[PDB]
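Provided hereafter are the protein sequence and its experimental coordinates.
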Amino acid sequence: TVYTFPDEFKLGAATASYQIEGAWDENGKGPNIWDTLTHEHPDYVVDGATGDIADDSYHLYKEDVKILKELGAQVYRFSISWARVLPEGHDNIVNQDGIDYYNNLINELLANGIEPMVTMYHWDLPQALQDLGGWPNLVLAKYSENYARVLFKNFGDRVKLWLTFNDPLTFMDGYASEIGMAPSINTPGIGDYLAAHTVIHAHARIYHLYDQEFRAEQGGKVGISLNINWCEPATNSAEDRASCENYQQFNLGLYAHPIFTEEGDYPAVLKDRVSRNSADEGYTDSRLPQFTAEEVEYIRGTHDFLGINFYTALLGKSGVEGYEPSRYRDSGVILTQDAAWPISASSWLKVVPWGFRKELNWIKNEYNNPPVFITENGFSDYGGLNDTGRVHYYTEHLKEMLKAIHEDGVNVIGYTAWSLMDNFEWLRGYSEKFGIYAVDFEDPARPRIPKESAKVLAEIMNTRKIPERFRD
Ligand SMILES: OC[C@H]1O[C@@H](OCCN2CCN(CCCN3c4ccccc4C=Cc4ccccc43)CC2)[C@H](O)[C@@H](O)[C@@H]1O
Ligand SMILES: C1=Cc2ccccc2Nc2ccccc21
Ligand SMILES: [Cl-]
Ligand SMILES: [Cl-]
Ligand code: NA
């Protein structure tokens, strides 16, 4: 039983637009902040790589569907490129080519028995909106509503699973470093919090829009995908446990407390630590923006499920470190990783499968067991088809998730592996491989070929259980 997926549980794979599509300026698509980063700052990216072509999924989407069908995916999670649909960011111009592309992909999926799950925003802000300041500028919340209206109107007759945002915890960091994630702006501890505030407002507007203009007719579900690492106390002390709770609240709670709790608002520890630090540093005003009571009420409850992106764990101990100002410093935890944990091709990603179970329990207890869809989980190597590390990563994480479901009563409702194929890995370019299908980026045809992990995942999806040879 503990090794069998619940009957209604949905299994599949995931991608993101800038990581796979290419066709960056084709057929009316406008420029986004990743076009800007990779074109103007190739020194920020391994090998000076760009997403100009990537997997060429703009042209090769039928090949993506073919491999999803081979895999036996029930659901395909992909994102829509805002600037492909609204090249100016604002909703004055709708690019028919973009509408046609996503309709073509959606229709191809449905014709092959695969359910689309659509992420509205996976990091590729139109440059015209970044030029207003991007996410720190609250005017983007209304622009995001207008973008979502276009998506619901055009695609919502066939798409019933939506994520507003993918991982704002990471993309807010684009406002916390001059050399980091797009748009690579150095306002740590100030502009990143403003970005979060706008994103939360935007999410809430999109959810209310769906309620008001679309839900009765379309009958779908709207969530948000949040990334979170497990944070294990470095020692069993109360003080180290406190630091791990700080981590959860500063990383997951930042977004989930306003939306998924009955109280709403930011977590108290976030408000209080930033208020105190801001006062101590001489600011008249806290660096953390505030919600009014009306806004707290508007934002809370804006969810039909919680998307979780889970990759790894950290150790947390009591203390403070980091630059002043920064969210890491504000969070009041000292973070490390255990040298004993298996490594990957990514410095940040260690293999800690039991952390996944711990995290799912933390979520269950904090948010009253919301339906959880695992929207990303995966592993990096530098290449190769005999990807035993990736196979072990998946089988262990799926086992731990299944224990969370069956032994712990966590309401996990689906899982999409990250990623369907090797793709443009942001600042890491093509140097880190997260796919279950390999892609030859030196071959203009970009063939997708299955790794051992794709074969094992196909076996899991077909049999609906963990094969015996991978059990404890
Ligand atoms: O990357 C795979 C997938 O990630 C996913 O983000 C979700 C996963 N992202 C979240 C953002 N994350 C940043 C991690 C910070 N990182 C460092 C920060 C600053 C300096 C140096 C560092 C080096 C090592 C570190 C060690 C310990 C902690 C943090 C470290 C990369 C993984 C994403 O949604 C997919 O699009 C993507 O393909
Ligand atoms: C991020 C900020 C830090 C600031 C100050 C002390 C320790 C830090 N932790 C880090 C270790 C390695 C890379 C980046 C880090
Ligand atoms: Cl201990
Ligand atoms: Cl066997
Ligand atoms: Na339209």
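Sure, I can see it. Numbers count the residues shown, from 1 in each chain. Ligands and ions are numbered 1, 2, ... in the order given.

In three-state terms, how would residue 276 be classified?
Secondary structure state of residue 276, per DSSP: H, G, I helix; E, B strand; the rest coil, is helix.

in the helix or strand hosting residue 165, what's buried?
For residue 165, the host element (DSSP states H and E) is strand 161-166. Within strand 161-166, the residues that count as buried by 16 or more other C-beta atoms under 10 Å are 161-166. C-betas here are computed from N, CA, C, even on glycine.

If we look just around ligand 5, which residues of the stretch 1-150 of the chain are in range?
Residues of the stretch 1-150 of the chain lying close to ligand 5 (C-beta under 5 Å from the ion) are 94, 150.

Quick check: which of the buried residues of strand 161-166 are also close to ligand 1?
For ligand 1, the contacts drawn from the buried residues of strand 161-166 by C-beta under 6 Å from any ligand atom are residue 166.

From the buried residues of strand 161-166, pick the one nearest residue 446.
Lowest distance from residue 446 to those (C-beta to C-beta) belongs to residue 166, with 23.1 Å.

ok, back up a step: direction included, what does the strand holding residue 165 pair against?
Each strand that pairs with strand 161-166, with its direction, by DSSP bridges: strand 115-121 (parallel), strand 221-227 (parallel).

Ligand 3: which of those strands is closest?
Each of the strands paired with strand 161-166 has some distance to ligand 3 by C-beta to the ion; the shortest is strand 221-227, at 27.8 Å.

tell me which parts of the chain are close to ligand 3?
Contact residues, the chain versus ligand 3 (C-beta under 5 Å from the ion): 235-236.

Could you list the contact residues of the chain toward ligand 1?
Within the chain, the positions adjacent to ligand 1 are 16, 19, 166-167, 170, 227, 309, 311, 347-348, 376, 425, 434 by C-beta under 6 Å from any ligand atom.

Give me the buried positions along stretch 82-100.
Within stretch 82-100, the residues scored as buried using 16+ other C-beta under 10 Å are 82-87, 89, 95, 98-99.

and the end-to-end length of it?
14 Å (C-alpha to C-alpha, to the nearest Å).

what about residue 203, distance to residue 333?
Note on residue 203: its distance to residue 333, by C-beta to C-beta, to the nearest Å, is 26 Å.

Tell me the helix or strand right after the strand holding residue 165.
Proceeding N to C from strand 161-166, the next assigned helix or strand is helix 168-171, under DSSP H and E.

Does anything pack onto that next one? Which helices or strands?
helix 191-209, strand 221-227, helix 254-260 (3 or more C-beta pairs under 8 Å, 6 or more residues apart in numbering; DSSP states H and E).

which residues touch that helix?
Contacts to helix 168-171, defined as C-beta atoms under 8 Å, 6 or more residues apart in numbering, come from residues 123, 135, 165, 181, 195-196, 199, 226-228, 251-252, 254-255.

Spatially, which two of the residues you listed are the most separated?
By the measure C-beta to C-beta, 135 and 228 form the most distant pair in those, at 19.6 Å.

Bridge partners for the closest residue to residue 167 other than its chain neighbours, pull those for me.
Here the nearest residue to residue 167 in space, its sequence neighbours aside, is residue 227; by C-beta to C-beta, 6 or more residues apart in numbering that works out to 4.2 Å. Beta-bridge pairing for residue 227 (DSSP bridges): residue 309.

So residue 227 sits against residue 376, correct?
Yes. Between residue 227 and residue 376 there is a contact under C-beta atoms under 8 Å: 7.4 Å.

Pick out whichever of those two has more residues nearby.
More neighbours surround residue 376 than the other of residue 227 and residue 376, with 23 against 20 (other C-beta atoms under 10 Å).

Might one say that that one is in contact with residue 16?
No. Residue 376 is not in contact with residue 16 according to C-beta under 8 Å; the separation is 9.3 Å.

who's in contact with the residue in the stretch 351-472 of the chain positioned nearest to ligand 2?
Of all residues in the stretch 351-472 of the chain, residue 427 sits closest to ligand 2, at 13.4 Å by C-beta to the nearest ligand atom. With C-beta under 8 Å, 6+ apart as the criterion, the residues that contact residue 427 are 44-46, 180-181.

just the angle between the host helix or strand of residue 76 and strand 115-121, please?
Element membership of residue 76 [criterion: DSSP H and E] is strand 75-79. Between the axes of strand 75-79 and strand 115-121, defined by axes from the mean of the first three to the mean of the last three C-alpha atoms, to 10 degrees, the angle is 20 degrees.

which stretches of the stretch 351-472 of the chain form helices?
Here the stretch 351-472 of the chain has its helices, by DSSP state H, counting those that start in this stretch, at 353-367, 388-406, 452-463.

My error: substitute the stretch 201-350 of the chain in the last question.
Assigned by DSSP H, counting those that start in this stretch, the helices in the stretch 201-350 of the chain fall at 215-218, 238-248, 254-260, 268-280, 293-299, 327-331.

any chance you could map the helices in the stretch 1-150 of the chain?
Going by DSSP H, counting those that start in this stretch, the stretch 1-150 of the chain shows helices at 17-20, 33-40, 57-71, 82-85, 96-111, 127-130, 140-155.

Perfect, that will be all.
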